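Single chain ahead, written as structure tokens, the form deposited in one PDB entry.
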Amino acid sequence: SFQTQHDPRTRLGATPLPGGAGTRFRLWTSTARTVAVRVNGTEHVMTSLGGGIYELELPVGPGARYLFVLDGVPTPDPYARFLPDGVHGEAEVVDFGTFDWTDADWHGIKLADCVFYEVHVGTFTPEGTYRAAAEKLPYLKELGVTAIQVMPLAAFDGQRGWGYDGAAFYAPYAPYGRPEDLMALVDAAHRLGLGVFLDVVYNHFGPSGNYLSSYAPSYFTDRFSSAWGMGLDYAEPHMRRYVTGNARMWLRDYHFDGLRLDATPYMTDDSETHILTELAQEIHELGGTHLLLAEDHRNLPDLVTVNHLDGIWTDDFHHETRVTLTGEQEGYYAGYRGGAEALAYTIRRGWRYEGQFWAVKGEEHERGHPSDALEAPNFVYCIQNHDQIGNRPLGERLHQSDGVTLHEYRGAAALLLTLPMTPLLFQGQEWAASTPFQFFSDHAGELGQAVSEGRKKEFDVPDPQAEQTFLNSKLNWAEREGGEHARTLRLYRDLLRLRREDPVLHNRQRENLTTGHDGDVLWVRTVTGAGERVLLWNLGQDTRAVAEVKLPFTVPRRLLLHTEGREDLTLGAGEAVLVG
């Protein structure tokens, strides 16, 4: 008996009317004295309904261009469904009913069946568009991933960016393609049996192109701040509905299978029903199988068990893994020792910090909560993602950091892709891509100069505002065809096939997973009614024979996959083997 707060009749923005009658325009403003809509260059005064709600119906159809006029000031629509001329321009009226979907036989994907592949549309292909990305779907299907995780698509200012400066949350970023190009990408993924997830940013708006305060300052609060401006006030129902209505658009109207909520610790809300719970209620009301994931660092199971989200991006595994391979200790890496015994513990517990003191300077507190309630799929693990590559001064990938060998990189892949936790790969990871993933942006004027200055001061560091920084992050597909890139790719294909086919690796219960170590050798054991598997990873500098690893059980005898393709059960430095 939860009832959605959304009715298409009363939807804010521009919505096509039935019977070819045109478009209904609606907005909420708490402060404007005169309110008009300017459509195809002609102004029309809107009707005041009370509660700051204004409405007008006109016989203009999909394709019409408009903005609102508040006290005589032309102002973009925050509810724009498309912004062909960017975030300071006129919106286009969009009709979600026109696209010819062919994915009636697709029914979503369960979290336990996800292997995520994180795509940044602008760099994933030379063209940097949805249409070019769609052409790589057969490659991704054959690779063996099952869910694409797309970085944010809400329109932001400039001609490239990661997506976290999105300002018009309902408008797909025009350089990537039109709305129908996005729909075509999702339809094609579904036809190949791939899920598609979207990164959405409900903790802040980007610095340029967010006109919500022009309509009502009370969308935001001065009680707390974001990176870019005033905090999003989830005590204000119109602010709540701005993001729940957005989540429903992406899932229902663009057929996304799930959302990854960026930076959930910073969605501050003291309401009786937290906004994260209401988001889950609103998306479930759609009557589908859509998922919600939280990017959350607090090691807080309540995100799943109270807010009814599906899982959590949990970085302790990533960090413990990177420290193991590099020894680095700057910033949050100081929270981890790394090593076989440390990795065995972190995996055992799902995350490391369950309430113990986090001693990282500038951040000291008792971090986290007991992970007992969470099951393996609820933890999303990775060894690379946009942040853990791009937030490094030179944006280098794990195999490109000093002191990491390709053998260690390949071992890490075997550990990630045989665990029952839900794994994510970053684009190009699978072939040990040669290109970095650097932070890039393209803001105008003083804001752009400020970004360049901020990056220099924070940490030669590539200028985020330079075209070269964007181009240097483009994937080079041809390189995957040769050398160590091809060798790494063969291993990723083999691991993803094993994950799919092996009846014991199908395990998704932490009850069936144990871990331990002997010196620098990590072991991870799965036992179910289908049999036993053990992953052994030699994190030492020497060679270790499997026969000589001290284990509290009898090691399985059959060699299922060796990361360097060896015939015998021996582990060179950094190498791993799966036995059964």
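Each residue number is its position in the shown sequence, starting from 1. Take the two forms, find the largest set of C-alpha atoms that superpose within 1.5 Å, and that set is the rigid core.
Below: the form deposited in another entry, not depicted.
Just one residue from the list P138, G229, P237, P74 crosses the 2 Å line for C-alpha shift between this form and the one not shown on a rigid core fit, and it is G229. The rigid-core alignment places the CA of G482 less than 2 Å apart between this form and the one not shown. Core-superposed comparison between this form and the one not shown: CA of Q159 displaced by less than 2 Å. Once both forms are overlaid on the rigid core, the distance between the two CA positions of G445 between this form and the one not shown is under 2 angstroms. Annotation for the pair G331/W228: C-alpha atoms approach each other in that other deposited form, by 3 Å or more compared with this form.
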